[PDB]
Amino acid sequence: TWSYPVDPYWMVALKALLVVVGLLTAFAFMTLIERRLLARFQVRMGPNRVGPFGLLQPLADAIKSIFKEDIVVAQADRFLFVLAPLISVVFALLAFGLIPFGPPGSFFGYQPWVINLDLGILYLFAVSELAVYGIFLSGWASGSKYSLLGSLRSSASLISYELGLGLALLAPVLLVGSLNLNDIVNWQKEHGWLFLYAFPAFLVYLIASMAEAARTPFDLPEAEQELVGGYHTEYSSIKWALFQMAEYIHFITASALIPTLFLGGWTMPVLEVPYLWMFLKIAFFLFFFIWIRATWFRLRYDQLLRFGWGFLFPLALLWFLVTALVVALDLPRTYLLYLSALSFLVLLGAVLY
Amino acid sequence: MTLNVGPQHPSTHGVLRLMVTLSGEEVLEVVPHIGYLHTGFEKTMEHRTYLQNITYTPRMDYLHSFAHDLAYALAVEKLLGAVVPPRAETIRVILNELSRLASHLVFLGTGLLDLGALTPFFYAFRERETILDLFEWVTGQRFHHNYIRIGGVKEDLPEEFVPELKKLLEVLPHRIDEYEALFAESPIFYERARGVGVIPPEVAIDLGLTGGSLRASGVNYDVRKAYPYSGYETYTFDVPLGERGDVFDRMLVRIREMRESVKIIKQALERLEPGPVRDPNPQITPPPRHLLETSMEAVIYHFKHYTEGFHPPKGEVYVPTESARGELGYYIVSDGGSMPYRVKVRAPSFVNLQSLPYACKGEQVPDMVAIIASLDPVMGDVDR
Amino acid sequence: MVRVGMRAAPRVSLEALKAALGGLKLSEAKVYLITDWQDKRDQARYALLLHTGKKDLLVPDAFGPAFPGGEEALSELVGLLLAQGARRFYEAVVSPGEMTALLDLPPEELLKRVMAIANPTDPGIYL
Amino acid sequence: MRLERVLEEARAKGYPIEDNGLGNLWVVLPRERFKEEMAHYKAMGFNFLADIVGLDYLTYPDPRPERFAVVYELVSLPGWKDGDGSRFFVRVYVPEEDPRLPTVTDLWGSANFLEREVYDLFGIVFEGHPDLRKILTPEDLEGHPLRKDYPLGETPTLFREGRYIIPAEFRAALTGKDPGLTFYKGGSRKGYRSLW
Amino acid sequence: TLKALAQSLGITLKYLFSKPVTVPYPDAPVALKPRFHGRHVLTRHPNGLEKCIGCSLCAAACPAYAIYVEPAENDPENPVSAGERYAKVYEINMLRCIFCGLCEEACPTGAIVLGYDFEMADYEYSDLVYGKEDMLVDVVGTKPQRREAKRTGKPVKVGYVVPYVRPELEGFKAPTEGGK
Amino acid sequence: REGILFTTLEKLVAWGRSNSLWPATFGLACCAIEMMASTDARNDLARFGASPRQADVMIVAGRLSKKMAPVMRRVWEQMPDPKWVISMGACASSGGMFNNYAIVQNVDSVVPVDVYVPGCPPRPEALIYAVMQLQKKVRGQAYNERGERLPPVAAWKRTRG
C-alpha cells in the first residue's frame, strides 16, 4: 500500500458487508447456473419449475433450509459440533476482499477492494489453512468416525496440494517483486499477462486448486459413492448449508484468483472497463471448471497425493529456481516469455500423439 | 477398523450390507451380508398357476427380465412338451437381446458413476429409453412385461415396432462406440481400474463365478454357445473376451457385447416373416378370443384355462439360459398339478458373489466401491 | 402357552395383563398385534400374542377403538410393553372370520401362523 | 466324454439312474459314498459346481425314499483346458430326522453360500462348512421357510365394505394332491404331455 | 492415455451445444404406446349394454388377487348386460394390483380392459380401491384428478396423448395425436 | 418454527418446502430403477441428501423385506423433522403380488405414509404426480375422498416414542 489510499473504517466495513452478502447471493445463483450448465452438458434440461427461469428456487431452498430443524447430535462434542460450521464459512468469505476489480477511486469515489494490505498471498494462504481446520475438526466434532476418516483423507489431500499452491506462487513474485495483488496486476498491465512469463507455475497453481474440492480429485471427498467425505453428513438445517456455502465461495474465490494473478484480471490490454472483465474471467474459469466438475473422473487420493506430491510440487519448486536464476541474474524478463512459451509447447504436444 | 458399509448407505449399490474388515486404506476381507431383498418367490410360485408364474418371472432380475421369462417358459414347455413357433422364437431372441442391451446400458451407466463421475449415465439412459419405448410398444409395459407364454408369446408385434427398432439399431453402432470412445482410452479410469479387481480363472471355477465377469478373466463359456437353445445355434455370433480379469476389462467386454447383441438384433430382424405366434395345443394355449361367441369347447376351455390352468406331467426339468448376468435357469418340479410343485431358480447373481471377499481382498477403499459396480450384481436375483 | 382375557372387554383385559407380566424383563421378547383390516385403525379391533421366547401368552380381540374406552387400553398396553423394554412390535392381518377360529387352535400352530404372517411395526401407531 | 465315464461307473456300483426324455439326467448316490465319490468327481475333472438345490417332497403325490433331497450340478467348463461340456445332476436323498450332509467346500468354494441357503430355507446342515450362518431369512426368523410344512404366509387382499379375499380360499388352481372340484380328476388334469 | 481427457470433454461440448432432449410432463403431455397397461375400464356394447356379464374370470386370472366381483341377475324390464348375469360389484385394489392384464386376457366379453391413465397417486390407502363406477368408459379422470377438478371446478386434463385407442377399448374417448 | 403462525410467513415457508421438497430415495427393488428414470425429468427435485440428514422426503421404492424394516425405520427417524414419506408401487403400498412371510404388507406399518403411488412399477410421471401431490400436500392444498383436507406432514402424526 505504497501507492493506494484507505477508506474510513466505516466504509471499509460497509464494503466488507456488501462483499459478504454479495457473496451470498453469488453462491446461490451460481448453484443455479451449475445445475443448468450441467444439464446442457448431459443433453437434458434444468429446473424451470418454481421459476420464472427457475431462479426463485434458492428462495424456496433457503426457505426449506431454515425452518428445517437444526439438529445437534448427542455423541458429538457439544461445543465443537456447533463451532465447526462457523469457522469454515468465516475463513472462506474473508480474503476475497483483497482482489482488486478496478483502479483506485473507481468504486464511485473509493475502492474496488475491501482490504489490500502489503503482504498479500500470505493472507490468502493463512485463511486457506483455517477452513481445512474446520473440515477435520467437524470430522471430530460430529464424533462419528465414518465422518472422521473421510475428513482425514480430505485434510491430508487438501493440505498436500495446499502446500503445492505456495511453491506455485513463488515464481510470479520474483517477477513483480511485490506481495500485493494490485502491483502484480499492474505489472501485468505493463509487461503483461504473467502466465506468459510464469506458465508452469500457472499449471501447478490451477491443478493445486483441483484439490480444494474443485472436482477431479473428489476423494476430497463428497460422502457420495465412497468412504464418505466428512464434516457434512451429520448436520441438518443452517449448519449444513454453511459448509456447502463455504466450499462454493472457495470455488469462486479461486475462479477469481486465477485471472487476478497469472492473467491480467480486470486490467485487460484493451477496453479496460474496470469490473466487467474480472467478472467475465471469473465466469470463464467458472464455466470451464464446471465442465471439469461434470466431465472427469476421481483420483482416490492415493493417486491424488501421488500426483500433487510426487509431480506437481517438485515441478513447482523446480520452475521457481529457474525463475529465481533469471531474476537474480537480472537477464531479461524475455527469457521467461520464451521459457514459459516453450514449456507450454512441450506440456501440450505430448498429449496428442 | 472393521468398517461397516450399511444396507443402502453410503452408495453401496442395491441394498447390500458389507463388513469390510479393513485397517487403513486397503481391504483385508469383506464379509458380505445379504438377504435384505428376500421376497420368497420359490414359495409364492408354488402357489401360482404356470401361467400365473409368468408374471412373477420377469420380477427377479428386473433388468434382464426376459431371460427369466425365456428360461421359465422353456423349462415348462419342455416339461409339458410344447412346440414353440419360429417367429415367436425369433421375437424372443430379439426381445431377449434388446432387454440385454437395456440391462447392460444400465450396468455401465451405474458403473461409470459409481467411482469416477456422473455424465455418461445419461446417454446410456437415452438409448435405454429408446429400448423401453420398444418394450412398451410391443408389450404395453416398460418391464415385468407379461408377454412370453408357455406356448409362445402373448400377442403379435404392432406395425410400429419394426421401424423403431431400426432407428436404435442405426444409432447404436455409432452410439456404443461413443461410450467406448470415452472408456477404452481411459484417462484416469485406466490408472483407476486396470490394477484393481483380481480374478483367477481357477478360483472363478472354484467359487463358481459364471456370469460374463468370468470371460473377462479368460475362461470361454457362453450358454448361447455352449448349450444352445432358442436358435442362437443359428446366428453369426461374436463372444467378446478379457485378458486378465480386472475392473477395466470386465467393463469393456460388456460394451463389445452390446454391438454384438445389436448384430444379433439386426440378424434376427432380417430373418422375420409373417405367421402364427404360439403353440396352438389348447391344453397349453387358451382359445382364440373371437370364437368364444360360437364354440362350446372354446368357452369350456377358456373358463377352465383361466381358472385352473393346466397340469404338466409328473416330472422334474431344467433348462440353462444366458442373461446379462450369466447362467440362469428354472428347476421345475411338477407334480401334475395346475401349479408347479416347486420352482428353484438358479440365480447367477447369487453364485457370482462368493468371489467378492476374494475379489476386493487387498483392494483400495474408493476402489472397493468401483470393484462392486464392476461385478454387476442385481439383488432381486441374489436375495430373491 | 397360556391364554388370558376375553373377547371385546378392554378394561378387565388390561387389568389382568398388568397382573400377569410382572417383573419380567422383555428385551428379548417379540410382541405380535393381531388385527383384521390394514387401512382403518379408527374402527379396528386388536388381539395380542406375546412370544417371550421362554413362554407364550394369548389375549383375544378385546382391544382398539372398536370397543368403548378400548383405544386408551391399546395405548396403555403398548406403553407398558415399551416400559419393560420390549422393542420389536409386529402387526398380523387376519380375516375377520379367522379371528375367532385362530385363537381356538392349539398353541404351537397358532404361534407359527402368527410368526409367518406378522409385519414389523412402529410401536408409535398404537400410542 | 466325461459323462459316459460317470454313468458307466454308476451302473457297476448299483447306483440308480433317472431319465426324462427332455434331456435332463440324474445320478443318485447313497449317503455313505457321497462325500468321497464326489471328491472323486471334482478329481474326475469337474471344474465347476453350479448348484445346490434343496427339495421338500412332503406334499408330492407319489412317495420318494426320504423327505428332503438335494441336487448338485457338476460341470467341466467347455472353454477351459479340455472341457467336454459335460454337465449333470447328482442327487442325494436325506432323512427328515437327520438333516446332515458333507460340504464340498474343500473341493469347490461354490459349495460355500449355496449349502448355506439350503440350510436356511430347509433344515439341512452341511458338514465341514467354513461358516453355516443363516443367509436369507430375517435374523430372528424361526425355522426354515421353503420346506412345505411352513406357511406361505398370506394376508387377505382388501376391498371396500367388509369385503375380503383369502387367497388360499380363493384359489382356482389345483396342486398335485388336490382332488379338484368334481368327484375326481382324470386325464389332462391328472397330468398331461403333448407328443412333439 | 492423456488424449482421452480432451476427447471426453469434446463430445460433451458437442452435446451441450446440441440443445434438445426431454419431455416436460405434465406441461407437455407424455406419449404412450397404444397397448400400454393403465387404469382398468369396463366397456359397453353399441346398445349401451355392458360387456361385463360379471363372470369373475378376471378375478380368477389374477395373480395378485386384486379383483373382487359380487355377481348378479339381469332385470328383464331394464337390463344391464347381454346374458342373464352381470357384475353387481367390481372392485380392484390398485395397491394390490400388479398390472398384468391377465384379467382382460381372461375376460370373455371384453368387459375388463386396462386403460391409459397413470395419474392416480393418492393420499389414502382405501381411496385406492377402485369401484366399478370409477372405471366405466364414460369416465374421464383418476380419483385425485377428478376430485381436484371438482374442488377447483377446473376440468380434467390428462397428461398423456396417444396415436389412437385400441379396438378393445371402443367407446373410450382420449386426447389423440392430431386425430384431434 | 415448523413453518407456522403468520398467514404470510407460514404460506411463504410452506411454498418454500413444497417446491423445495428434497427426496431422499430409499431404493428397494425394480421400483428404484423406475425412480432412476424420474431423476431425469426433474425440476424441484433431484438433488439429494444420499445422506438422510439433509432431506424432507423419503421415497420408499420397492418391496420392503421384513428383515429390512427396522433399518428403514431408523433411516426415517434419522431424518430431520419436517419430513414426508412417499410410498412407491404395489409391494410398498400394500403387500403387492407377493403376499407372504417375506415382505411387509404395508409400509405404513413402519413409517407414516404421506402419499401412495400404485403401479408395478409405476410410470415415473405418476411419481411426479405424487410429488406434486406432496408438493401441493404440504401447501395444505390436499383432500381425501371423505371431504377432509390433508395435513402437510404425516409423521407430524405418529407418537414417535
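Letters A, B, C, D, E and F name the chains as they come in the text, with residue numbers starting at 1 for each one.
The definition used in the following text is that a residue touches a chain if its C-beta (ideal position, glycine included) is under 8 Å from a C-beta of that chain, and two chains touch if they have at least 3 such contacts.
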Most distant chain from chain F, judged by the mean position of its C-alpha atoms: D
Winner on C-beta contact pairs when B-F is weighed against A-E: B-F
Inter-chain centre distance, chain B versus chain C - centres from mean C-alpha coordinates, in Å: 44
Separation of chain D from chain F, taking each centre as the mean of its C-alpha atoms, in whole Å: 41
Inter-chain centre distance, chain A versus chain F - centres from mean C-alpha coordinates, in Å: 38
Two or more partner chains touched - positions in chain B: 10-11, 35, 38, 40, 43-44, 48, 52, 55-56, 119, 122, 126, 144, 187-188, 307, 383
Where chain A touches two or more other chains at once, by residue number: 41-45, 48, 223-224, 294-296
Numbers and ranges of chain F residues touching at least 2 other chains: 40, 43, 50-51, 65-67, 94-95, 97, 99-102, 105-106, 108, 120, 123
Pairwise chain contacts under the document criterion: A-B, A-E, A-F, B-D, B-E, B-F, C-D, C-E, C-F, D-E, D-F, E-F
Complex contacts: residues of chain B adjacent to chain A: 1, 3, 10-11, 25, 113-119, 122-123, 126, 187-189, 191-192, 364-367, 369
Chain C - residues contacting chain E, complex: 38-40
Chain F-touching residues of chain C, taken from the complex the two chains share: 38, 82, 88, 91, 93, 116-117, 119-125, 127
Chain F - residues contacting chain D, complex: 65-67, 94-95, 99-102, 105
Touching residues on chain E, where the partner in the complex is chain C: 124-126
